[PDB]
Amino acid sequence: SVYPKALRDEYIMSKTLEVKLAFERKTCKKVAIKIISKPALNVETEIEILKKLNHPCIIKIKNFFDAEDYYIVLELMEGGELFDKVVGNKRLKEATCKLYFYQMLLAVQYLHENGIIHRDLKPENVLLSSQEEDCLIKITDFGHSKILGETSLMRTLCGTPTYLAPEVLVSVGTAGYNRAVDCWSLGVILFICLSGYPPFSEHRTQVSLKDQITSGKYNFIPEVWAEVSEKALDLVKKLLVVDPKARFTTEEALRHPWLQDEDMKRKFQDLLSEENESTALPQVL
């Protein structure tokens, strides 16, 4: 198979990284083109979302092609995937874990604020802006994302439940906390970043991964965790809470002591203006 004419007309395709590297002809700038074979639903959704959202720590869509396959043009992230930073028990310096996690929270906070649930948060979907270890991170892959509204339960709650089944009335209790699944994923991510190993795995253990996760009983190795602060460990503890309604929200996390770090936040504000310099159009005074 070859690339669609319409694509080749604006872009020069290059290496693979499914995601390949491409060059926009008009600008000679680098771009990342994600190829998705033909699904429509998950692709329609992702596009609709990418177009509506705009936030520093959220990947932006530049172009899109509906051909024999789906082609999604995105801004290229020099840093690559966060996954390559933690694979094989690589341990990230805490100060940078914080810097990253802060951005992740801002992003997921943003999504939730806008009624979006990512649902597939993992190191593979966190992109770094540069080869520097101090950089911007951006969230990506909204193919599994969910959008909210009307819920139909609301619609049913408006009517008399004479003929309504018990399980549905019961569901009222927990309705509206689906977003908490993202906060779980973050907790699991932050755990990996901080310690270099996953909190729930089948490595040297006789309990099923399912049991570990539902019981919330993660694998805790003091030797490794001794290098990490108490504040950092505490936040993870409050994200890996089994009870969704008790689990921390992004807001509660952003307020947690471990995140009250001006040096880190400053460094973040600086990384922004840096990237925004090129885009800076003169302002009225």
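Basically, rigid core = biggest C-alpha set you can superpose within 1.5 Å across the two forms. Note that residue numbering follows the sequence shown and begins at 1.
Engineer: State which stretch is farther from the displayed form on average in 9 other deposited structures of this protein, 185 to 193 or 151 to 159, counting RMS CA distance after fitting on the rigid core.
Structural biologist: Most displaced of the pair in 9 other deposited structures of this protein: 151 to 159.
Engineer: Could you check whether 42 to 50 or 248 to 256 drifts more from the shown form in 9 other deposited structures of this protein, using RMS Cα distance once the core is superposed?
Structural biologist: Looking at 248 to 256 and 42 to 50 in 9 other deposited structures of this protein, the bigger mover is 42 to 50.
Engineer: According to the entry, are there none, 1 to 3, 4 to 9, or 10 or more residues of the deposited sequence without coordinates between residue 17 and residue 18?
Structural biologist: The entry has 4 to 9 unmodelled residues between residue 17 and residue 18.
Engineer: Pick one of none, 1 to 3, 4 to 9 or 10 or more for the number of deposited-sequence residues not modelled between residue 38 and residue 39.
Structural biologist: The entry has a long gap there, with 10 or more residues left out between residue 38 and residue 39.
Engineer: On mean Cα temperature factor in this entry, is 175 to 183 or 210 to 218 the higher one?
Structural biologist: The deposited B-factors put 210 to 218 ahead on the C-alpha mean.
Engineer: Going by the average Cα B-factor in the PDB entry, point out whether 62 to 70 or 24 to 32 comes out higher.
Structural biologist: Result of the comparison: 62 to 70.
Engineer: Name the residue from 132, 167, 113, 120 with the greatest C-alpha temperature factor listed in the entry.
Structural biologist: So the option with the highest C-alpha B-factor is 132.
Engineer: By the entry's C-alpha temperature factors, tell me which of 46, 243, 227, 234 sits highest.
Structural biologist: Among 46, 243, 227, 234, the highest C-alpha B-factor in the entry belongs to 227.
Engineer: Quick check for you: using the entry's CA B-factors within this chain, is residue 152 in the lowest, middle or highest third?
Structural biologist: Ranked within chain, residue 152 CA B lands in the highest tercile.
Engineer: When the modelled residues of the chain are sorted by Cα temperature factor, does residue 251 land in the lowest, middle or highest third?
Structural biologist: It falls in the bottom third of the chain.
Engineer: Please place residue 160 in the lowest, middle or highest third of its chain according to the CA B-factor in the PDB entry.
Structural biologist: CA B-factor rank for residue 160: highest third.
Engineer: Relative to the other modelled residues in the chain, which third contains the C-alpha temperature factor of residue 87: lowest, middle or highest?
Structural biologist: Highest third - that is where residue 87 ends up once the chain's C-alpha B-factors are sorted.
Engineer: Compare the C-alpha B factor of residue 140 with those of the other modelled residues in its chain, then answer lowest, middle or highest third.
Structural biologist: As the PDB entry reports it, the C-alpha B-factor of residue 140 lands in the lowest third of its chain.
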